[PDB]
Amino acid sequence: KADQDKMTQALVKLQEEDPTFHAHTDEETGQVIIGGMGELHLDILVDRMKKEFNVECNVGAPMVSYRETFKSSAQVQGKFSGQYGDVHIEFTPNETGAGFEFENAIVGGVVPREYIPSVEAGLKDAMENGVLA
Amino acid sequence: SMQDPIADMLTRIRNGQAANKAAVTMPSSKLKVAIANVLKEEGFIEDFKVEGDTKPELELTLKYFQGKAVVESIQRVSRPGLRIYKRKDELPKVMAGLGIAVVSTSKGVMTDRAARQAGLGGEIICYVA
Amino acid sequence: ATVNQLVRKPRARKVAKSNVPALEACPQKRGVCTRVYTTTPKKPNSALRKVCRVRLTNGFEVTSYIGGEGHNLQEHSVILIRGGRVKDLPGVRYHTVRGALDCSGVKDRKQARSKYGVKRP
RNA sequence: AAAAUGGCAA
RNA sequence: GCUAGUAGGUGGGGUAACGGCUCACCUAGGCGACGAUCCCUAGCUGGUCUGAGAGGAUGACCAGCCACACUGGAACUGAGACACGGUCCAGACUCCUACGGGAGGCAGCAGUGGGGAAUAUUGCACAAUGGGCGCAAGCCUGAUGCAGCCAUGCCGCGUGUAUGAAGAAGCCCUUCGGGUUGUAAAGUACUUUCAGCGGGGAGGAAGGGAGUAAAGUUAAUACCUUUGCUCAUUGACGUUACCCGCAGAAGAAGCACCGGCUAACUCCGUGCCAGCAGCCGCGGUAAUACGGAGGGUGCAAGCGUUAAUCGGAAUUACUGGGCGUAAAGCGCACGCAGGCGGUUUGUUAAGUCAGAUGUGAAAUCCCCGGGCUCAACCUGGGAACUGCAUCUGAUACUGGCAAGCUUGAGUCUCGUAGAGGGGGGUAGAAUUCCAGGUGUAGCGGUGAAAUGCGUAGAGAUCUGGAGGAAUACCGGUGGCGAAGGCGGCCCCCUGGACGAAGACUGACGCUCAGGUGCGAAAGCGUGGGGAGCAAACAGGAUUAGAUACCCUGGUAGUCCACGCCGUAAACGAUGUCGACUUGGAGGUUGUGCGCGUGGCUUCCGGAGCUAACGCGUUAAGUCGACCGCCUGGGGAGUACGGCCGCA
RNA sequence: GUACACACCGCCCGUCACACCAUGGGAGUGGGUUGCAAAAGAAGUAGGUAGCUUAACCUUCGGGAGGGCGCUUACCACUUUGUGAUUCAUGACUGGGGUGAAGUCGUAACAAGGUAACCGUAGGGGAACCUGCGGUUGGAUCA
Ligand SMILES: [K+]
Ligand SMILES: [K+]
Ligand SMILES: [K+]
Ligand SMILES: [K+]
Ligand SMILES: [K+]
Ligand SMILES: [K+]
Ligand SMILES: [K+]
Ligand SMILES: [K+]
Ligand SMILES: [K+]
Ligand SMILES: [K+]
Ligand SMILES: [K+]
Ligand SMILES: [K+]
Ligand SMILES: [K+]
Ligand SMILES: [K+]
Ligand SMILES: [Mg+2]
Ligand SMILES: [Mg+2]
Ligand SMILES: [Mg+2]
Ligand SMILES: [Mg+2]
Ligand SMILES: [Mg+2]
Ligand SMILES: [Mg+2]
Ligand SMILES: [Mg+2]
Ligand SMILES: [Mg+2]
Ligand SMILES: [Mg+2]
Ligand SMILES: [Mg+2]
Ligand SMILES: [Mg+2]
Ligand SMILES: [Mg+2]
Ligand SMILES: [Mg+2]
Ligand SMILES: [Mg+2]
Ligand SMILES: [Mg+2]
Ligand SMILES: [Mg+2]
Ligand SMILES: [Mg+2]
Ligand SMILES: [Mg+2]
Ligand SMILES: [Mg+2]
Ligand SMILES: [Mg+2]
Ligand SMILES: [Mg+2]
Ligand SMILES: [Mg+2]
Ligand SMILES: [Mg+2]
Ligand SMILES: [Mg+2]
Ligand SMILES: [Mg+2]
Ligand SMILES: [Mg+2]
Ligand SMILES: [Mg+2]
Ligand SMILES: [Mg+2]
Ligand SMILES: [Mg+2]
Ligand SMILES: [Mg+2]
Ligand SMILES: [Mg+2]
Ligand SMILES: [Mg+2]
Ligand SMILES: [Mg+2]
Ligand SMILES: [Mg+2]
Ligand SMILES: [Mg+2]
Ligand SMILES: [Mg+2]
Ligand SMILES: [Mg+2]
């Protein structure tokens with residue numbers, strides 16, 4: 001973390017010297033992305049950062065944006081147990097690029113309508129955080 | 001013990017006035033007599049008398065104007081624990097001048113007004129309203 | 001207390017320590033946000049309240065509250081903090097100032113603009 | 001004779 | 001606790017001068033609970049802010065004093081320095097170098113980098129004031145006078161002003177009738193500060209330099225000086241203040257707030273979300289509290305927010321609070337220092353009081369005035385500076401000294417009651433144990449049981465013995481003791497209290513930090529003792545469990561001597577001593593003559609007091625002296641350090 | 001009587017589990033500051049003089065006086081060493097405390113809270129607690 005602070009300062013100074021060099025921290029990943037006109041251009045700047053500013057850092061290709069999906073369909077029951085909550089949801093894989101689809105198929109008030117938005121919110125939050133990586 | 005005699009005199013008057021006692025009697029002393037004269041001259045007490053030689057006793061005759069004590073309150077300003085001395089300009093005023101303050105000036109014990117007229121400051125013995 | 005006793009030992013006033021230690025008698029102090037996170041309020045209040053851990057120039061690290069709707073603050077952002085404790089948030093004794101340093105004014109604010117560092121339309 | 005407990009709520 | 005030049009003395013040296021200033025010698029001092037020493041923090045003051053005041057906080061600007069000049073140290077020169085822009089040395093830093101050696105010090109002014117939430121231009125002039133040097137002229141002056149930057153503050157002024165219903169549109173609200181914005185705007189008639197453009201124009205300027213005159217001076221109408229006289233001349237600010245003219249409402253309003261506190265309200269969106277918030281709290285689908293809009297309130301070139309100080313806070317209470325139960329009476333007592341002390345006379349004048357004098361810088365503050373168009377601002381005079389020293393008076397009160405007195409306190413004579421204390425002795429009842437006799441199957445225990453005990457004869461009954469412990473009845477809201485406590489009877493040693501009538505002493509008193517003593521039970525040490533009881537422990541029950549309640553047993557301990565501990569709801573949850581202030585019914589113990597008068601004590605209750613409950617002559621009423629103690633709840637009477645303890 | 005007031009279906013204590021916060025201890029460790037016992041000795045100042053040298057004065061004209069320099073001594077800055085004190089920071093681990101969340105185990109108090117409660121003390125127990133001894137009323141009941 002100490003090297004991060006030194007790195008930030010080093011990056012600023014290098015950016016001041018070279019406007020074609022762009023260094024910015026990805027807010028999502030927390031990774032610092034460096035942009036340059038060449039691989040050597042970046043390598044020099046990294047080397048400068050290590051030698052001039054004594055900053056130990058590891059340089060790699062930026063992680064690509066990744067998304068998860070389901071391959072198979074399944075019916076699952078989520079029960080929370082006073083505090084009580086019981087839901088039965090069927091997950092099916094959608095066509096590529098079709099996006100997310102939620103269907104409320106509750107009939108006869110098996111689940112109160114007041115709690116349906118809560119179920120949706122729970123699903124949506126969990127989906128955003130993913131299941132694998 | 002009786003470390004302050006004067007306080008006892010004032011207390012006896014106050015307690016006597018509360019109890020609707022016609023007269024209050026205490027062991028006489030020169031200062032007590034002097035304070036009594038001031039009260040009589042200001043009309044707070046009707047009359048005072050001293051009896052006995054070896055052991056004189058001062059009797060103060062209390063007065064009630066309308067079945068109510070003429071002396072509404074009497075308080076010892078200067079005490080053995082803490083003595084209070086005032087310059088002539090700093091002499092106290094009681095009840096916006098309606099009350100009297102007994103001051104021991106060099107010439108003698110006198111009301112605050114009398115001392116202020118004289119232009120001599122003194123120790124403030126008590127406030128009587 | 002008798003006079004003689006008071007002469008021997010005088011009456012003493014309370015220490016009356018301040019409730020904003022980190023500021024150290026400074027109207028504002030500057031700090032870098034080590035972490036920005038949301039914390040739940042104490043009862044009986046329910047919300048997600050945005051807070052940041054800021055290491056000040058004085059060197060004290062204190063939780064500070066990011067007021068208004070929305071924030072651009074992330075780790076390593078430089079902000080200016082002012083005194084002011086959040087009742088329902090324990091350990092929050094400071095507020096971040098919108099419109100100072102890296103902190104940006106609240107968007108779509110047409111009232112109390114000075115408080116939320118929003119320039120006049 | 002023995003005889004426990006009823007989250008915090010408005 | 002501290003201190004050996006330490007404290008003092010003698011002599012010598014030393015300084016401008018006194019002096020352990022220094023040195024030798026001599027003596028053993030000096031200092032401190034009125035806080036030494038040590039630690040932490042800090043320039044001080046006149047003043048500033050706040051406050052009705054007393055206080056509290058503070059010491060930027062201006063002025064007085066002090067210390068410092070890269071760090072550490074030393075001296076030289078000089079009237080004066082141990083010296084910002086001097087010297088020498090050492091060190092850290094920066095710089096130069098031919099590597100041998102050298103140079104430098106913005107906490108002067110401006111300025112840069114850095115640090116920070118944050119604080120100005122590498123300006124002009126020496127015109128004025130003041131300073132250095134000079135006979136003077138003059139020269140020097142980042143002092144100083146001015147300018148620049150900054151809403152940082154204070155003050156003043158502007159952003160128009162009359163008219164204007166069309167009650168326009170438009171906005172918001174609406175019960176769709178209307179209401180509100182709002183005479184607000186348009187429309188119309190005026191005014192032009194200030195800004196802008198133009199033209200005029202003070203004052204800060206005194207003096208100095210030329211001459212010229214007289215006088216003084218002198219040998220001299222010389223020269224020099226002095227005072228007049230005359231002639232040019234000196235202004236950074238500066239495009240000065242100000243005046244005047246010109247055009248035209250033109251060029252000039254924002255910020256915070258509207259649940260209550262707190263003046264100012266609805267609508268819509270949102271839905272314990274997003275959010276708000278000093279406090280109280282608000283938000284889960286009818287939010288005057290969130291966000292926005294209309295409308296309003298408060299302020300205005302400012303308005304909010306944050307930080308900081310005082311106030312409100314009588315919430316450290318001197319002014320000006322408290323301590324039965326809210327936080328707060330040491331467990332109780334003795335007592336040193338300290339605080340306080342009956343009555344009379346003389347004396348003194350310390351305190352106190354009066355007057356006077358010197359002083360208490362100026363500024364500031366306050367009052368009355370004056371000057372800038374006003375104000376801020378500048379300024380004259382007065383007041384005030386509450387203090388301190390000295391001198392001269394007064395003598396009530398306080399104090400000192402001296403002499404008294406008896407009234408407080410105490411001593412003696414006599415008698416009374418008492419579980420007052422210490423020591424030795426003894427009696428009776430009971431329990432337990434042991435032995436013997438009689439006698440036979442249960443006993444014991446519980447809500448019910450069981451464990452246990454008994455045919456190796458229990459339990460029950462009788463007889464004898466042993467041992468320990470506590471003393472039925474009397475017995476009492478009874479008594480005694482400072483408190484803790486103290487209970488059969490007897491002797492011995494010893495303390496206190498009260499009553500009666502006299503004598504005697506003469507204020508010999510009261511409170512009491514520190515200190516010291518005593519101080520239930522439990523506990524600890526050493527040596528004894530051990531009936532009953534009984535933490536622990538064991539078994540039996542109970543129970544969901546039962547580390548308990550209950551049952552059967554049982555060890556320490558309980559008892560004694562000595563030593564330690566030092567604490568309890570050690571409670572009246574009420575410190576000690578003194579005085580005063582209606583009543584009633586009782587107890588106990590004196591005493592005088594049924595009626596008095598003392599000591600102690602119980603219950604009730606009046607006034608008064610109290611938040612109330614209550615207290616109520618045994619005050620929690622009314623006062624005085626002195627001490628202890630308290631300042632929201634937790635954390636916590638805990639941690640750490642010290643002291644003490646065998647633990 | 002009451003510690004209850006959506007009123008005993010009330011209220012409410014502690015251990016244990018988990019997260020977090022402040023804090024105490026801890027083999028120690030590293031900074032700051034400082035006490036004491038020593039060491040050290042630039043420059044300067046004063047004292048003495050192995051020696052060297054000398055405008056103003058004196059002189060018998062040789063020299064003398066006096067001075068400078070050098071050396072030396074005293075004092076003293078930097079610096080150095082040993083051994084303590086104090087303060088700050090950190091430390092495997094650990095003690096007690098606080099704050100959540102609808103965890104777990106009980107039910108200690110508040111009614112006579114179902115063994116009245118509580119105080120001091122000692123012993124015991126997962127925990128609240130339980131038990132003995134003495135004390136207090138700030139316990140209910142009494143027909
Ligand atoms: K809420
Ligand atoms: K001497
Ligand atoms: K000395
Ligand atoms: K210095
Ligand atoms: K000048
Ligand atoms: K007081
Ligand atoms: K005494
Ligand atoms: K006297
Ligand atoms: K036993
Ligand atoms: K009442
Ligand atoms: K810890
Ligand atoms: K440590
Ligand atoms: K119990
Ligand atoms: K106990
Ligand atoms: Mg300082
Ligand atoms: Mg006040
Ligand atoms: Mg000299
Ligand atoms: Mg100089
Ligand atoms: Mg300089
Ligand atoms: Mg400067
Ligand atoms: Mg900066
Ligand atoms: Mg020059
Ligand atoms: Mg209102
Ligand atoms: Mg709504
Ligand atoms: Mg106050
Ligand atoms: Mg109070
Ligand atoms: Mg209590
Ligand atoms: Mg209490
Ligand atoms: Mg007591
Ligand atoms: Mg006098
Ligand atoms: Mg003055
Ligand atoms: Mg006298
Ligand atoms: Mg008694
Ligand atoms: Mg006796
Ligand atoms: Mg005992
Ligand atoms: Mg024993
Ligand atoms: Mg037994
Ligand atoms: Mg038993
Ligand atoms: Mg105690
Ligand atoms: Mg007792
Ligand atoms: Mg007590
Ligand atoms: Mg006493
Ligand atoms: Mg009563
Ligand atoms: Mg303790
Ligand atoms: Mg301790
Ligand atoms: Mg630690
Ligand atoms: Mg030397
Ligand atoms: Mg219970
Ligand atoms: Mg119970
Ligand atoms: Mg109870
Ligand atoms: Mg037990």
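Quick note on labels: first sequence line is chain A, next is B, and so on, each numbered from 1.
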If we take the P atom in both E:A482 and E:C560, what is their distance in whole Å?
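Their P atoms lie roughly 25 Å apart.
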Determine the contact category for [X]: base if any of its heavy atoms lies under 4.0 Å from a base atom, sugar-phosphate if only primed atoms, P, OP1 or OP2 are that close, otherwise nothing.
| X | answer |
| --- | --- |
| B:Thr105 | base |
| C:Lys14 | base |
| C:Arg82 | sugar-phosphate |
| C:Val3 | nothing |
| C:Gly68 | sugar-phosphate |
| C:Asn4 | sugar-phosphate |
| C:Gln111 | base |
| C:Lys9 | nothing |
| B:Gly119 | sugar-phosphate |
| A:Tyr84 | nothing |
| C:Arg113 | sugar-phosphate |

How would you label the glycosidic angle of F:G123: syn (within 90° of 0) or anti?
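Anti, since the glycosidic angle lies more than 90° from 0.
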Hey, is E:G177 sitting syn or anti, using the within-90° cutoff around 0?
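In terms of base orientation relative to the sugar, E:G177 is syn.
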Both distances under 3.5 Å, Watson-Crick or G-U wobble: does [N] pair with [M]?
| N | M | result |
| --- | --- | --- |
| F:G28 | F:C71 | no |
| F:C16 | F:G103 | yes |
| E:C242 | E:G200 | yes |

Side-chain donor/acceptor of C:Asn45 to base of E:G281, under 3.5 Å
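Such a pair exists between side chain and base.
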